[PDB]
Structures are given as structure tokens and as C-alpha cells.
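*Asks:* Below is model.cif; it holds mmCIF, N, CA and C atoms.
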```cif
data_work
#
loop_
_atom_site.label_atom_id
_atom_site.label_comp_id
_atom_site.auth_asym_id
_atom_site.auth_seq_id
_atom_site.Cartn_x
_atom_site.Cartn_y
_atom_site.Cartn_z
N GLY A 1 -0.01 -10.94 -3.23
CA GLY A 1 -0.26 -9.56 -2.85
C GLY A 1 -0.99 -8.81 -3.96
N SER A 2 -0.85 -7.49 -3.94
CA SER A 2 -1.49 -6.65 -4.94
C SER A 2 -3.00 -6.66 -4.73
N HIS A 3 -3.64 -5.59 -5.18
CA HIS A 3 -5.08 -5.46 -5.06
C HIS A 3 -5.42 -4.77 -3.73
N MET A 4 -4.37 -4.30 -3.07
CA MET A 4 -4.54 -3.62 -1.79
C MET A 4 -5.77 -2.71 -1.82
N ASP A 5 -6.66 -2.94 -0.86
CA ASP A 5 -7.88 -2.15 -0.76
C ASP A 5 -8.02 -1.62 0.67
N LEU A 6 -8.70 -0.49 0.78
CA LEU A 6 -8.92 0.13 2.08
C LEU A 6 -9.60 -0.88 3.01
N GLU A 7 -10.62 -1.53 2.47
CA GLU A 7 -11.37 -2.52 3.24
C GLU A 7 -10.41 -3.56 3.83
N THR A 8 -9.41 -3.91 3.03
CA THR A 8 -8.42 -4.89 3.45
C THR A 8 -7.41 -4.25 4.41
N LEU A 9 -7.13 -2.98 4.16
CA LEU A 9 -6.19 -2.25 4.98
C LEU A 9 -6.61 -2.35 6.45
N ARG A 10 -7.91 -2.26 6.66
CA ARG A 10 -8.46 -2.34 8.01
C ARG A 10 -8.06 -3.66 8.67
N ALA A 11 -7.93 -4.68 7.84
CA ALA A 11 -7.55 -6.00 8.33
C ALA A 11 -6.18 -5.92 8.99
N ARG A 12 -5.23 -5.36 8.25
CA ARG A 12 -3.87 -5.22 8.76
C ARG A 12 -3.80 -4.07 9.76
N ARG A 13 -4.61 -3.05 9.50
CA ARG A 13 -4.64 -1.88 10.36
C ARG A 13 -4.97 -2.29 11.80
N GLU A 14 -5.80 -3.33 11.91
CA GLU A 14 -6.19 -3.83 13.21
C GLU A 14 -5.01 -4.52 13.90
N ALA A 15 -4.35 -5.38 13.14
CA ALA A 15 -3.21 -6.11 13.66
C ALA A 15 -2.02 -5.16 13.81
N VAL A 16 -1.89 -4.28 12.82
CA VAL A 16 -0.80 -3.31 12.83
C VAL A 16 -0.91 -2.44 14.09
N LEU A 17 -2.15 -2.13 14.45
CA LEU A 17 -2.40 -1.32 15.63
C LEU A 17 -1.96 -2.08 16.88
N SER A 18 -2.29 -3.36 16.89
CA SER A 18 -1.94 -4.21 18.02
C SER A 18 -0.42 -4.30 18.16
N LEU A 19 0.24 -4.48 17.02
CA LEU A 19 1.69 -4.58 17.00
C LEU A 19 2.29 -3.19 17.20
N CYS A 20 1.61 -2.20 16.63
CA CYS A 20 2.07 -0.82 16.74
C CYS A 20 2.15 -0.45 18.22
N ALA A 21 1.15 -0.90 18.96
CA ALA A 21 1.09 -0.62 20.39
C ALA A 21 2.24 -1.34 21.09
N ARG A 22 2.58 -2.51 20.56
CA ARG A 22 3.66 -3.30 21.12
C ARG A 22 5.01 -2.67 20.78
N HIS A 23 5.12 -2.20 19.55
CA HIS A 23 6.35 -1.58 19.09
C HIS A 23 6.56 -0.26 19.84
N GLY A 24 5.46 0.43 20.09
CA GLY A 24 5.51 1.70 20.79
C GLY A 24 4.87 2.81 19.96
N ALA A 25 3.61 2.59 19.60
CA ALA A 25 2.87 3.56 18.81
C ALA A 25 1.51 3.81 19.46
N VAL A 26 1.38 5.00 20.05
CA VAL A 26 0.14 5.37 20.70
C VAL A 26 -0.74 6.13 19.71
N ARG A 27 -0.16 7.17 19.13
CA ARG A 27 -0.89 7.98 18.16
C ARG A 27 -1.03 7.24 16.84
N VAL A 28 -1.72 6.11 16.90
CA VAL A 28 -1.94 5.30 15.71
C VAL A 28 -3.12 5.86 14.92
N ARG A 29 -2.79 6.71 13.96
CA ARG A 29 -3.81 7.33 13.12
C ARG A 29 -3.30 7.46 11.69
N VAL A 30 -4.25 7.53 10.76
CA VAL A 30 -3.92 7.66 9.36
C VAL A 30 -4.10 9.12 8.93
N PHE A 31 -3.04 9.68 8.36
CA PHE A 31 -3.08 11.06 7.91
C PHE A 31 -2.68 11.16 6.43
N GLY A 32 -3.45 11.93 5.69
CA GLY A 32 -3.19 12.12 4.28
C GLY A 32 -4.41 11.72 3.44
N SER A 33 -4.14 11.43 2.17
CA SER A 33 -5.20 11.03 1.26
C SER A 33 -5.66 9.61 1.58
N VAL A 34 -4.73 8.82 2.09
CA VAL A 34 -5.03 7.44 2.44
C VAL A 34 -6.17 7.41 3.45
N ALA A 35 -6.02 8.23 4.49
CA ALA A 35 -7.03 8.31 5.53
C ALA A 35 -8.36 8.75 4.92
N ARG A 36 -8.25 9.56 3.88
CA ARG A 36 -9.44 10.06 3.19
C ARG A 36 -9.98 9.00 2.23
N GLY A 37 -9.19 7.95 2.05
CA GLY A 37 -9.57 6.86 1.16
C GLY A 37 -9.05 7.10 -0.25
N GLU A 38 -7.82 7.61 -0.32
CA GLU A 38 -7.20 7.88 -1.60
C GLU A 38 -5.76 7.36 -1.61
N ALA A 39 -5.46 6.55 -2.62
CA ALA A 39 -4.13 5.98 -2.75
C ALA A 39 -4.16 4.91 -3.84
N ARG A 40 -3.43 5.18 -4.91
CA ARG A 40 -3.36 4.25 -6.03
C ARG A 40 -2.31 3.17 -5.75
N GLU A 41 -2.10 2.33 -6.75
CA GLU A 41 -1.13 1.25 -6.63
C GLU A 41 0.29 1.79 -6.80
N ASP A 42 0.37 3.09 -7.04
CA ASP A 42 1.66 3.74 -7.22
C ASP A 42 1.82 4.84 -6.18
N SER A 43 0.93 4.82 -5.19
CA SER A 43 0.97 5.81 -4.13
C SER A 43 1.60 5.21 -2.87
N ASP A 44 1.95 6.08 -1.95
CA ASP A 44 2.56 5.65 -0.70
C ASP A 44 1.53 5.74 0.43
N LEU A 45 1.88 5.14 1.56
CA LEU A 45 1.00 5.15 2.71
C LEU A 45 1.61 6.02 3.81
N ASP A 46 0.97 7.15 4.04
CA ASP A 46 1.43 8.08 5.06
C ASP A 46 0.77 7.74 6.40
N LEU A 47 1.60 7.41 7.37
CA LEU A 47 1.11 7.06 8.69
C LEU A 47 1.86 7.88 9.74
N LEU A 48 1.09 8.58 10.57
CA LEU A 48 1.67 9.40 11.62
C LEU A 48 1.49 8.70 12.97
N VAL A 49 2.62 8.27 13.53
CA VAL A 49 2.60 7.59 14.82
C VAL A 49 3.50 8.34 15.80
N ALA A 50 3.20 8.16 17.08
CA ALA A 50 3.97 8.81 18.12
C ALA A 50 4.59 7.75 19.03
N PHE A 51 5.92 7.77 19.09
CA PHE A 51 6.64 6.81 19.92
C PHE A 51 6.90 7.38 21.31
N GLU A 52 6.48 6.62 22.31
CA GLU A 52 6.66 7.03 23.69
C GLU A 52 8.15 7.05 24.05
N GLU A 53 8.42 6.91 25.34
CA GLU A 53 9.79 6.91 25.83
C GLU A 53 10.35 5.49 25.83
N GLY A 54 11.63 5.39 25.53
CA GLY A 54 12.30 4.10 25.49
C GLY A 54 12.32 3.53 24.07
N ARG A 55 11.39 4.01 23.26
CA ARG A 55 11.29 3.56 21.88
C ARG A 55 12.37 4.23 21.03
N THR A 56 13.08 3.40 20.27
CA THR A 56 14.14 3.90 19.41
C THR A 56 13.82 3.60 17.94
N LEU A 57 14.67 4.12 17.07
CA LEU A 57 14.48 3.92 15.64
C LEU A 57 14.41 2.42 15.35
N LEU A 58 15.07 1.65 16.20
CA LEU A 58 15.09 0.20 16.05
C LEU A 58 13.65 -0.31 15.96
N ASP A 59 12.81 0.23 16.82
CA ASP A 59 11.41 -0.17 16.85
C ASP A 59 10.70 0.36 15.60
N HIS A 60 11.11 1.56 15.20
CA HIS A 60 10.53 2.19 14.03
C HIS A 60 10.77 1.31 12.80
N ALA A 61 12.03 0.94 12.61
CA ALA A 61 12.40 0.10 11.48
C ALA A 61 11.65 -1.23 11.57
N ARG A 62 11.57 -1.75 12.79
CA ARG A 62 10.89 -3.01 13.03
C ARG A 62 9.40 -2.87 12.70
N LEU A 63 8.85 -1.72 13.04
CA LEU A 63 7.44 -1.46 12.79
C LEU A 63 7.24 -1.18 11.29
N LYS A 64 8.16 -0.40 10.74
CA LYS A 64 8.09 -0.05 9.34
C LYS A 64 8.21 -1.32 8.49
N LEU A 65 9.10 -2.20 8.93
CA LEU A 65 9.31 -3.45 8.23
C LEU A 65 8.13 -4.39 8.48
N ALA A 66 7.63 -4.33 9.71
CA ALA A 66 6.50 -5.16 10.09
C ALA A 66 5.25 -4.70 9.34
N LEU A 67 5.16 -3.40 9.15
CA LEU A 67 4.03 -2.82 8.45
C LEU A 67 4.07 -3.24 6.98
N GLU A 68 5.26 -3.13 6.40
CA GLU A 68 5.45 -3.50 5.01
C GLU A 68 5.20 -4.99 4.82
N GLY A 69 5.52 -5.75 5.86
CA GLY A 69 5.33 -7.19 5.81
C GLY A 69 3.85 -7.56 5.91
N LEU A 70 3.20 -6.99 6.92
CA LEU A 70 1.79 -7.25 7.13
C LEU A 70 0.99 -6.71 5.95
N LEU A 71 1.34 -5.50 5.54
CA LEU A 71 0.66 -4.87 4.42
C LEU A 71 1.27 -5.38 3.11
N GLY A 72 2.41 -6.04 3.24
CA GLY A 72 3.09 -6.58 2.07
C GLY A 72 3.29 -5.51 1.00
N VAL A 73 3.21 -4.26 1.44
CA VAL A 73 3.37 -3.14 0.53
C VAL A 73 4.12 -2.01 1.25
N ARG A 74 4.81 -1.21 0.46
CA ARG A 74 5.57 -0.09 1.00
C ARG A 74 4.72 0.68 2.02
N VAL A 75 5.33 0.96 3.16
CA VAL A 75 4.65 1.69 4.21
C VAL A 75 5.57 2.79 4.74
N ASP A 76 5.05 4.01 4.73
CA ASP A 76 5.81 5.15 5.21
C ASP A 76 5.29 5.57 6.58
N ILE A 77 6.17 5.49 7.57
CA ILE A 77 5.82 5.86 8.93
C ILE A 77 6.48 7.18 9.29
N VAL A 78 5.76 7.98 10.06
CA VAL A 78 6.27 9.28 10.48
C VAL A 78 6.11 9.41 12.00
N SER A 79 7.06 10.11 12.60
CA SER A 79 7.03 10.33 14.04
C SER A 79 6.61 11.77 14.35
N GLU A 80 5.60 11.89 15.20
CA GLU A 80 5.09 13.19 15.58
C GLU A 80 6.25 14.12 15.95
N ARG A 81 7.25 13.54 16.60
CA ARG A 81 8.42 14.30 17.02
C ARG A 81 9.09 14.94 15.80
N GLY A 82 9.76 14.10 15.03
CA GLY A 82 10.46 14.56 13.84
C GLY A 82 9.56 15.48 13.00
N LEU A 83 8.26 15.24 13.12
CA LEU A 83 7.29 16.04 12.38
C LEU A 83 7.50 17.52 12.70
N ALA A 84 6.62 18.34 12.15
CA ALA A 84 6.70 19.77 12.37
C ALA A 84 5.52 20.22 13.23
N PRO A 85 5.61 21.49 13.71
CA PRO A 85 4.56 22.05 14.55
C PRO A 85 3.33 22.41 13.71
N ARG A 86 3.59 23.04 12.57
CA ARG A 86 2.51 23.44 11.68
C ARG A 86 2.01 22.24 10.88
N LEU A 87 2.89 21.26 10.73
CA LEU A 87 2.55 20.06 9.98
C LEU A 87 1.80 19.09 10.91
N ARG A 88 2.38 18.89 12.09
CA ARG A 88 1.78 18.00 13.06
C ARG A 88 0.32 18.37 13.31
N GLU A 89 0.11 19.65 13.59
CA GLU A 89 -1.23 20.15 13.84
C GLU A 89 -2.16 19.81 12.68
N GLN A 90 -1.63 19.98 11.47
CA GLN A 90 -2.40 19.69 10.27
C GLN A 90 -2.56 18.18 10.09
N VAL A 91 -1.51 17.46 10.45
CA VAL A 91 -1.51 16.02 10.34
C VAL A 91 -2.61 15.44 11.23
N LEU A 92 -2.69 15.98 12.44
CA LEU A 92 -3.68 15.54 13.40
C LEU A 92 -5.08 15.68 12.78
N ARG A 93 -5.31 16.85 12.20
CA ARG A 93 -6.59 17.12 11.57
C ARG A 93 -6.94 16.03 10.56
N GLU A 94 -5.90 15.36 10.08
CA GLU A 94 -6.08 14.29 9.12
C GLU A 94 -6.03 12.93 9.81
N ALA A 95 -5.12 12.83 10.78
CA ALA A 95 -4.96 11.59 11.53
C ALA A 95 -6.34 11.08 11.96
N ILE A 96 -6.59 9.82 11.64
CA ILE A 96 -7.86 9.20 11.99
C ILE A 96 -7.60 7.91 12.77
N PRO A 97 -8.19 7.85 13.99
CA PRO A 97 -8.03 6.68 14.84
C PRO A 97 -8.87 5.51 14.33
N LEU A 98 -8.17 4.46 13.92
CA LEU A 98 -8.84 3.27 13.41
C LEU A 98 -9.23 2.37 14.58
#
```
Let me see whether you can do it: turn the structure in this file into C-alpha cells.
*Replies:*
Amino acid sequence: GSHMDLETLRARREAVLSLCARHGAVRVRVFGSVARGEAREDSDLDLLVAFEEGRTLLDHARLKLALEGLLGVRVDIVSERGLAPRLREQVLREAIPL
């Protein structure tokens, strides 16, 4: 592992999206500095996803763990729901569909 690069992120981002869709993630977009192409080896990965109906935290953990596994690096997932109204709106402005 290590050496995580945006160019490489797209590699997992593609598979992550496929699995994300399977786990229950429609709003698969990148929000934050990461989406802007900013994130050091000591930074976190902010991802804003929206879980449809039937999806439980179980899937979240599975996705979060799957993300960390595929990315082999810490991955922070956020749910539009738990999110905020003023934050969500702002998050969207950042959220980028890969």
C-alpha cells in the first residue's frame, strides 16, 4: 500500500462505485478537498453517499470496511441523511460524480 494517488483513487473509485451501488449508495460523489484533489498521507477521505431504503448501518460498515479494504486506507463515509441541511447543500456543491 501507501503512495495513494488520485489517479489511483479512480481505480478503486470505479470498483467502489460498483460495490457502492451494490451496498446501497446512489449519491456516490466526492466532497471536500479530496474531490478538489487535496489530501495528504495524513489526511482523511470525505465521501458523501446516500443510502436508499432497506439499507442499514450494516451496509455502511460493510461499505466503509470495503472501502478501506479496496483503498487499503482509512475511508470516511457520510450519509446525506445524518448530514445537515446547510451542510448537505454545501456538500453537494462539492460532491463530484465519478
*Asks:* As a PyMOL selection string, please: all residues of region 46-78 of chain A that backbone DSSP puts in strand (DSSP E or B).
*Replies:* chain A and resi 46-49+76-78
*Asks:* Quick one: residues within 8 Å of residue 66 (chain A), only N, CA and C atoms, excluding same-chain residues fewer than 6 positions away - as a PyMOL selection string?
*Replies:* chain A and resi 16+60+72
*Asks:* Determine, counting all atoms listed in the file, every residue of protein, DNA or RNA that lies within 6 Å of (2.6, 0.1, -3.9) in the file coordinates, then give the result as a PyMOL selection string.
*Replies:* chain A and resi 41-43+73-74
*Asks:* Based on the selection just made, write N, CA and C atoms of those residues as an mmCIF file, in the frame of the given file.
*Replies:*
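Written file, out-v4.cif:
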```
data_model
loop_
_atom_site.group_PDB
_atom_site.id
_atom_site.type_symbol
_atom_site.label_atom_id
_atom_site.label_comp_id
_atom_site.auth_asym_id
_atom_site.auth_seq_id
_atom_site.Cartn_x
_atom_site.Cartn_y
_atom_site.Cartn_z
ATOM 1 N N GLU A 41 -2.100 2.330 -6.750
ATOM 2 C CA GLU A 41 -1.130 1.250 -6.630
ATOM 3 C C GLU A 41 0.290 1.790 -6.800
ATOM 4 N N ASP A 42 0.370 3.090 -7.040
ATOM 5 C CA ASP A 42 1.660 3.740 -7.220
ATOM 6 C C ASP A 42 1.820 4.840 -6.180
ATOM 7 N N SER A 43 0.930 4.820 -5.190
ATOM 8 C CA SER A 43 0.970 5.810 -4.130
ATOM 9 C C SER A 43 1.600 5.210 -2.870
ATOM 10 N N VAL A 73 3.210 -4.260 1.440
ATOM 11 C CA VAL A 73 3.370 -3.140 0.530
ATOM 12 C C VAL A 73 4.120 -2.010 1.250
ATOM 13 N N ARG A 74 4.810 -1.210 0.460
ATOM 14 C CA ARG A 74 5.570 -0.090 1.000
ATOM 15 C C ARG A 74 4.720 0.680 2.020
#
```
*Asks:* When you draw a straight line from CA of residue 28 (chain A) to CA of residue 97 (chain A), how long is it in Å?
*Replies:*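 These two atoms are separated by 6.3 Å.
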*Asks:* Got a sec to tell me which of chain A DSSP assigns to helix (DSSP H, G or I), as a count of residues only?
*Replies:* 46
*Asks:* So how far away is atom C of residue 33 (chain A) from atom N of residue 89 (chain A), in Å?
*Replies:*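 Pair atom N of residue 89 (chain A) / atom C of residue 33 (chain A) returns 16.7 Å.
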*Asks:* Quick one: residues within 8 Å of residue 29 (chain A), all atoms listed in the file, excluding same-chain residues fewer than 6 positions away - as a JSON list (two decimals) with N, CA and C atoms, in the frame of the given file?
*Replies:*
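Once written, part07.json looks like this:
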```
[["chain", "number", "residue", "atom", "x", "y", "z"],
["A", 35, "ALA", "N", -6.02, 8.23, 4.49],
["A", 35, "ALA", "CA", -7.03, 8.31, 5.53],
["A", 35, "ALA", "C", -8.36, 8.75, 4.92],
["A", 46, "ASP", "N", 0.97, 7.15, 4.04],
["A", 46, "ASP", "CA", 1.43, 8.08, 5.06],
["A", 46, "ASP", "C", 0.77, 7.74, 6.40],
["A", 47, "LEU", "N", 1.60, 7.41, 7.37],
["A", 47, "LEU", "CA", 1.11, 7.06, 8.69],
["A", 47, "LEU", "C", 1.86, 7.88, 9.74],
["A", 48, "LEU", "N", 1.09, 8.58, 10.57],
["A", 48, "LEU", "CA", 1.67, 9.40, 11.62],
["A", 48, "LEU", "C", 1.49, 8.70, 12.97],
["A", 49, "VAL", "N", 2.62, 8.27, 13.53],
["A", 49, "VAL", "CA", 2.60, 7.59, 14.82],
["A", 49, "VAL", "C", 3.50, 8.34, 15.80],
["A", 50, "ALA", "N", 3.20, 8.16, 17.08],
["A", 50, "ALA", "CA", 3.97, 8.81, 18.12],
["A", 50, "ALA", "C", 4.59, 7.75, 19.03],
["A", 94, "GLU", "N", -5.90, 15.36, 10.08],
["A", 94, "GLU", "CA", -6.08, 14.29, 9.12],
["A", 94, "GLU", "C", -6.03, 12.93, 9.81],
["A", 95, "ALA", "N", -5.12, 12.83, 10.78],
["A", 95, "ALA", "CA", -4.96, 11.59, 11.53],
["A", 95, "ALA", "C", -6.34, 11.08, 11.96],
["A", 96, "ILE", "N", -6.59, 9.82, 11.64],
["A", 96, "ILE", "CA", -7.86, 9.20, 11.99],
["A", 96, "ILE", "C", -7.60, 7.91, 12.77],
["A", 97, "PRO", "N", -8.19, 7.85, 13.99],
["A", 97, "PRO", "CA", -8.03, 6.68, 14.84],
["A", 97, "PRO", "C", -8.87, 5.51, 14.33],
["A", 98, "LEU", "N", -8.17, 4.46, 13.92],
["A", 98, "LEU", "CA", -8.84, 3.27, 13.41],
["A", 98, "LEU", "C", -9.23, 2.37, 14.58]]
```
*Asks:* Between A:23, A:45, A:39, A:15, which is the closest to residue 62 (chain A) once you count only N, CA and C atoms?
*Replies:*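 Looking only at the distances to residue 62 (chain A), the closest residue turns out to be A:23.
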*Asks:* Restricting the calculation to only N, CA and C atoms: of A:34, A:13, A:51, A:58, which residue gets closest to residue 78 (chain A)?
*Replies:* A:51
*Asks:* Can you measure CA of residue 6 (chain A) to CA of residue 21 (chain A) for me? One decimal in Å is fine.
*Replies:*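 Interatomic distance, CA of residue 6 (chain A) to CA of residue 21 (chain A): 20.9 Å.
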*Asks:* Fix up region 25-43 of chain A with N, CA, C and O atoms, then write it as an mmCIF file, keeping the file's coordinate frame.
*Replies:*
```cif
data_model
loop_
_atom_site.group_PDB
_atom_site.id
_atom_site.type_symbol
_atom_site.label_atom_id
_atom_site.label_comp_id
_atom_site.auth_asym_id
_atom_site.auth_seq_id
_atom_site.Cartn_x
_atom_site.Cartn_y
_atom_site.Cartn_z
ATOM 1 N N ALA A 25 3.610 2.590 19.600
ATOM 2 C CA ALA A 25 2.870 3.560 18.810
ATOM 3 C C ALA A 25 1.510 3.810 19.460
ATOM 4 O O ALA A 25 0.631 2.956 19.421
ATOM 5 N N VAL A 26 1.380 5.000 20.050
ATOM 6 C CA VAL A 26 0.140 5.370 20.700
ATOM 7 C C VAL A 26 -0.740 6.130 19.710
ATOM 8 O O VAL A 26 -1.904 5.775 19.511
ATOM 9 N N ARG A 27 -0.160 7.170 19.130
ATOM 10 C CA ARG A 27 -0.890 7.980 18.160
ATOM 11 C C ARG A 27 -1.030 7.240 16.840
ATOM 12 O O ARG A 27 -0.518 7.685 15.811
ATOM 13 N N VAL A 28 -1.720 6.110 16.900
ATOM 14 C CA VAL A 28 -1.940 5.300 15.710
ATOM 15 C C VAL A 28 -3.120 5.860 14.920
ATOM 16 O O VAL A 28 -4.266 5.519 15.186
ATOM 17 N N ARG A 29 -2.790 6.710 13.960
ATOM 18 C CA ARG A 29 -3.810 7.330 13.120
ATOM 19 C C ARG A 29 -3.300 7.460 11.690
ATOM 20 O O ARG A 29 -2.095 7.505 11.449
ATOM 21 N N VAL A 30 -4.250 7.530 10.760
ATOM 22 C CA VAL A 30 -3.920 7.660 9.360
ATOM 23 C C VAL A 30 -4.100 9.120 8.930
ATOM 24 O O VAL A 30 -5.177 9.692 9.109
ATOM 25 N N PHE A 31 -3.040 9.680 8.360
ATOM 26 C CA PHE A 31 -3.080 11.060 7.910
ATOM 27 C C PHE A 31 -2.680 11.160 6.430
ATOM 28 O O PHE A 31 -1.696 10.546 6.010
ATOM 29 N N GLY A 32 -3.450 11.930 5.690
ATOM 30 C CA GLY A 32 -3.190 12.120 4.280
ATOM 31 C C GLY A 32 -4.410 11.720 3.440
ATOM 32 O O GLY A 32 -5.530 11.683 3.941
ATOM 33 N N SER A 33 -4.140 11.430 2.170
ATOM 34 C CA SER A 33 -5.200 11.030 1.260
ATOM 35 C C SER A 33 -5.660 9.610 1.580
ATOM 36 O O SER A 33 -6.824 9.268 1.359
ATOM 37 N N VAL A 34 -4.730 8.820 2.090
ATOM 38 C CA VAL A 34 -5.030 7.440 2.440
ATOM 39 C C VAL A 34 -6.170 7.410 3.450
ATOM 40 O O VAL A 34 -7.138 6.675 3.283
ATOM 41 N N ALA A 35 -6.020 8.230 4.490
ATOM 42 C CA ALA A 35 -7.030 8.310 5.530
ATOM 43 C C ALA A 35 -8.360 8.750 4.920
ATOM 44 O O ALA A 35 -9.425 8.349 5.386
ATOM 45 N N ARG A 36 -8.250 9.560 3.880
ATOM 46 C CA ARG A 36 -9.440 10.060 3.190
ATOM 47 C C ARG A 36 -9.980 9.000 2.230
ATOM 48 O O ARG A 36 -11.065 9.153 1.677
ATOM 49 N N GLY A 37 -9.190 7.950 2.050
ATOM 50 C CA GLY A 37 -9.570 6.860 1.160
ATOM 51 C C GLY A 37 -9.050 7.100 -0.250
ATOM 52 O O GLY A 37 -9.741 6.831 -1.231
ATOM 53 N N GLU A 38 -7.820 7.610 -0.320
ATOM 54 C CA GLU A 38 -7.200 7.880 -1.600
ATOM 55 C C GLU A 38 -5.760 7.360 -1.610
ATOM 56 O O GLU A 38 -4.968 7.689 -0.722
ATOM 57 N N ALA A 39 -5.460 6.550 -2.620
ATOM 58 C CA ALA A 39 -4.130 5.980 -2.750
ATOM 59 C C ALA A 39 -4.160 4.910 -3.840
ATOM 60 O O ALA A 39 -4.815 3.880 -3.692
ATOM 61 N N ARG A 40 -3.430 5.180 -4.910
ATOM 62 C CA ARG A 40 -3.360 4.250 -6.030
ATOM 63 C C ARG A 40 -2.310 3.170 -5.750
ATOM 64 O O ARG A 40 -1.739 3.122 -4.663
ATOM 65 N N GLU A 41 -2.100 2.330 -6.750
ATOM 66 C CA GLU A 41 -1.130 1.250 -6.630
ATOM 67 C C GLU A 41 0.290 1.790 -6.800
ATOM 68 O O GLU A 41 1.259 1.038 -6.704
ATOM 69 N N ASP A 42 0.370 3.090 -7.040
ATOM 70 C CA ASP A 42 1.660 3.740 -7.220
ATOM 71 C C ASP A 42 1.820 4.840 -6.180
ATOM 72 O O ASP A 42 2.721 5.675 -6.283
ATOM 73 N N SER A 43 0.930 4.820 -5.190
ATOM 74 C CA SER A 43 0.970 5.810 -4.130
ATOM 75 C C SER A 43 1.600 5.210 -2.870
ATOM 76 O O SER A 43 1.754 3.989 -2.774
#
```
